[PDB]
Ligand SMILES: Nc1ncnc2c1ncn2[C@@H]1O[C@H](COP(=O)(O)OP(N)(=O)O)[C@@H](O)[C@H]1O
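A lone chain, given as C-alpha cells: the form deposited without ligand AN2.
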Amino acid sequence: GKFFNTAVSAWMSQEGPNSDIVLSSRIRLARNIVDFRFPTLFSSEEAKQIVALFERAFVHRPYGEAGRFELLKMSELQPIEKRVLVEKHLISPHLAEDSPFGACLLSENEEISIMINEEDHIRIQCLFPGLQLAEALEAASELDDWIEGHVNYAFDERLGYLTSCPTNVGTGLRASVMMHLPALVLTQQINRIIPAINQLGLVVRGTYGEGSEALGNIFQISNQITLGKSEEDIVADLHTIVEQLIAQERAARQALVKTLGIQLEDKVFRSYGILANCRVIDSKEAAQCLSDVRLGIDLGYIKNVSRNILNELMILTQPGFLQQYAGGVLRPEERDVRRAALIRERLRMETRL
C-alpha cells in the first residue's frame, strides 16, 4: 500500500522554514452537510450515504499538482492499516476506532487528508513541513471552497458552521504546530510556558505518551478560540507565539552549550551510543534518546546522522509500524526487542552512507 509504506511522505520530508524546531504545521476545518443528522445522532445508513456522496464527487478526482484523491474506506481497512494511518498523522484515533463507516480522502502527495464521518461529517486537513501556517491556511481555504461546490455546508449567519463539537463552534478551524523543545524541557521552562500560553488563548499537548506526558519532547501548540475571531487572525496569533517559542528554545540551547559544554556533548553521544547498540529499549527511553540525538545533530555535535531520524523513528517505532516491521503481532516483551533492533538497523544504515 502506497500510503502505508512510508512513515513520512516525500511532501513532508521537504525542508520548511524553521524546520530544526518546527516539525510541521496543520490546518483543520470541520463542517457538517445539510440534511444529514450530526455524527452524534445519525444512522449507519446516513453515514454510508455521506461516504457515497463524497465518492461520487471526488474519488479519483484530480487536484492539480497534489495528484488525484484516493478514498480509503474504514469499512474496507484492516485494524493494522488504520493504526498506521493514525501513526502517520493522516487520520485521528477517533476515525480509526469509533467511525465504522468513516473514510479518508487522501491526495496522492499526502499533503491533504479529508476525514469523513469523524466527529463532524467533514474534517479537512492540510499538512506542511516546518512553520508554514499562512501557506497551510491558504491551501485549506482554497480546498474548502472547492469542496463546497459539490456539497452544501450547514452554516448559520450568527453561529457559523454548525457542529456538535463545542471546541469547533464558529469557524470550525483548528490550527496547530508540532515543535521539538528539548532545551526548554531540560531547563524546566515548560511548566512556566504552558500556563502563560493558555492565557494568550492557545493550548499545548504532548504528541506522544499518556496524560501530561510529551515523549520525545515533542509538543503540539494549537488555538483555543474558534468563534468571534477571523481565521486569519486566529492563525496570525498562533504564528506570533510560535515564533516566540522558537527564539526561547534557541536561546535555551545556546545557554546550555555555554553552561554545560563537554557535558552536553557527552549527554547526546551517550544517547546515540545506547540507540546504536542496545538490544532492549522501551518507548519512554527510546523517545528521550531520540530527542537527545536530534539536539546533538542540531547543535553540530553529532555528524553523519540525518536529523530526520527523530521524525521518522518516532513514527516507525509506534505499535502499528512496529508490527509491520516485525511481520506479525508482537507480545509486550518482543516489542522492546523489535524496537531496539529497528533503531539499531537505521543508525547502522546511516553510518554506511
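The numbering used is simple: start at 1 and walk along the sequence shown. Whichever C-alpha set is largest while still superposing within 1.5 Å between the two forms counts as the rigid core.
One more form of this protein, deposited with ligand AN2 bound, exists but is not displayed; see below.
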Ligand-site call, ligand AN2 overlaid in the deposited bound form, backbone or C-beta contacts under 2.4 Å, 3+ atoms: open
At 4.5 Å between heavy atoms, only one of the stretches 183-191, 243-251, 158-166, 204-212 reaches ligand AN2 in the deposited bound form; which one is it? 204-212
Please determine whether each residue of 93, 123 and 174 possesses a non-hydrogen atom within 4.5 angstroms of ligand AN2 in the deposited bound form. yes
Between the options 82, 267, 239, 89, which residue brings a heavy atom to within 4.5 Å of ligand AN2 in the deposited bound form? 89
So in the deposited bound form, does residue 220 come within 4.5 Å of ligand AN2, heavy atom to heavy atom? yes
Contact label in the deposited bound form: residue 227 to ligand AN2, heavy atom within 4.5 Å: no
If you check in the deposited bound form, is residue 71 within 4.5 Å of ligand AN2, heavy atoms only? no
If you check in the deposited bound form, is residue 48 within 4.5 Å of ligand AN2, heavy atoms only? no
If we check ligand AN2 in the deposited bound form, which of the residues in 15-43 reach within 4.5 angstroms of it by a non-hydrogen atom? 24, 25, 26, 28
Scan 152, 212, 109, 277 for the one whose CA shifts by 2 Å or more between this form and the one not shown after superposing the rigid core, and name it. 212
Between residue 110 and residue 209, does the Cα distance in the deposited bound form come out closer or farther than in this form, changing by 3 Å or more? closer
Can you tell whether residue 208 sits closer to or farther from residue 89 in the deposited bound form than it does here, judged by CA atoms, where the change is 3 Å or more? closer
